[PDB]
Each structure stands twice: as structure tokens, then as C-alpha cells.
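Numbering (our numbering), first residue to last: 54 to 216.
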Ligand SMILES: [Ca+2]
Ligand SMILES: [Ca+2]
């Protein structure tokens, strides 16, 4: 969080090729819309990051004050799915997006992925040293175990929005 009690949240969104299967991308967008348009509260600082082989910053941290702010972020939800998969590119970039303004300790990630990635241990340390809180939504049924181990090691929640 920010020193005065404002939330810091960075959406981290799996646009990789496996996400074109079934309705994963639709379920990604639906939860991204819900979190953006209804859930996250006034005053919060919110960034957005998509990722395939690598990360693409859809937005730096902007503060939620108007419905404009919500619609802007929501319009940047991934359109289609393509490319390689590297969850760590996104978390690394999330931590960079945050640390342009605030420390990662106490901040929150919202990792929307199907979990089909087996290099996740690659960033365990940095994920630990960040102090961030990685909530995860599993959008497929074949999520790697290190996806769960990301929330477990950071204090974040896990929910499963597949079928
Ligand atoms: Ca607090
Ligand atoms: Ca994938």
C-alpha cells in the first residue's frame, strides 16, 4: 500500500497463445472488467500488464477517482491470445510498474492466467523479496503447481474460474 493507506494493485494478464483455448480469454476479460469496473475501490492506484513471451505494460499506476479511470483501464483488456508464455516476465514488469511510484511491499498483483507455465520458480526469490501479494485466478484446469505456490508464498488468494 501507499504510506497513507491507498491500495496498490497491478493487473497481470495472460494473453499467451494457450489462452485462445475455449473461453479463457473471455473469462480473463470478464474478471478484469469486474475488478476494474466494480470491485477496486476509490482512491486505489492500479496498473495493468499483459504478457506472452514477455510483458507489455498496458498502463502505469493510475489512481481510481472516476468511472473514466475504470473504463480507460478496462479498454486495455487483451483482445486476442497469441505467443509464448512466461508468467515471470509479467510479475517482473508488474514490480517495475509499481516501483516507479511505490514499494512492492504491501502491493497486490492480480495474476489472471491458465497457469500453463513451468518456469515460474524462475522468479520465486524476487517474488519473495518484493513483499507483494499475488492473488491468482486459474483460468484453465492444468495450472502448474507453482501458480498456487505464488499465492501461498505471498499471502494472496486463489480462485479458479474455468468451467
Ligand atoms: Ca494499511
Ligand atoms: Ca500459455
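Quick reminder that beta carbons are idealized off the backbone N, C-alpha and C, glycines included.
Identify which residue in 198, 150 and 154 has its Cα closest to the Cα of residue 167. Taking the first residue of the chain shown as 1, we reach residue 167 at position 114. The shortest Cα separation from residue 167 among 198, 150 and 154 belongs to 198.
Assign residue 106 to one of two classes, buried (16 or more other C-beta atoms within 10 Å of its C-beta) or exposed (fewer than that). The sequence position of residue 106 within the chain shown is 53, counting from 1. By the 10 Å Cβ count, residue 106 comes out exposed.
Does the beta carbon of residue 138 fall short of 7 Å from some heavy atom of ligand 2? Here residue 138 is taken as the residue at index 85 of the chain shown, counted from 1. Yes - ligand 2 has a heavy atom lying nearer than 7 Å to the Cβ of residue 138.
Measure the Cβ-Cβ separation of residue 127 and residue 90 and say whether it is below 8 Å. Sequence index remark: in the chain shown, residue 127 carries index 74 (1-based). Sequence index remark: in the chain shown, residue 90 carries index 37 (1-based). Cβ distance < 8 Å, so residue 127 and residue 90 count as in contact.
Going by the DSSP bridge assignment, what does residue 213 pair with across the sheet? Here residue 213 refers to the residue found at position 160 of the chain shown. Residue 213 is bridged to 191.
Considering only residues of the same chain and omitting the five flanking positions on each side of residue 112, which have a CB-CB separation below 7 Å? As a first step, residue 112 is located in the chain shown; it is residue number 59 there, counting from the start. Excluding positions up to five away in sequence, the list reads 100, 101, 126 and 129.
Where residue 162 falls: helix, strand or coil (DSSP): The count along the chain shown starts at 1 and reaches residue 162 at position 109. The answer is strand: DSSP assigns residue 162 an E or B state.
By how many angstroms is the C-alpha of residue 207 removed from the C-alpha of residue 118? Start at 1 with the first residue of the chain shown, and residue 118 comes out as number 65. Start at 1 with the first residue of the chain shown, and residue 207 comes out as number 154. Distance between the alpha carbons of residue 118 and residue 207 is about 28 Å.
Using the DSSP secondary-structure output, state which residues sit across from residue 103 in a beta bridge. In the chain shown, residue 103 corresponds to position 50, counting from 1. DSSP lists 66 and 109 as partners of residue 103.
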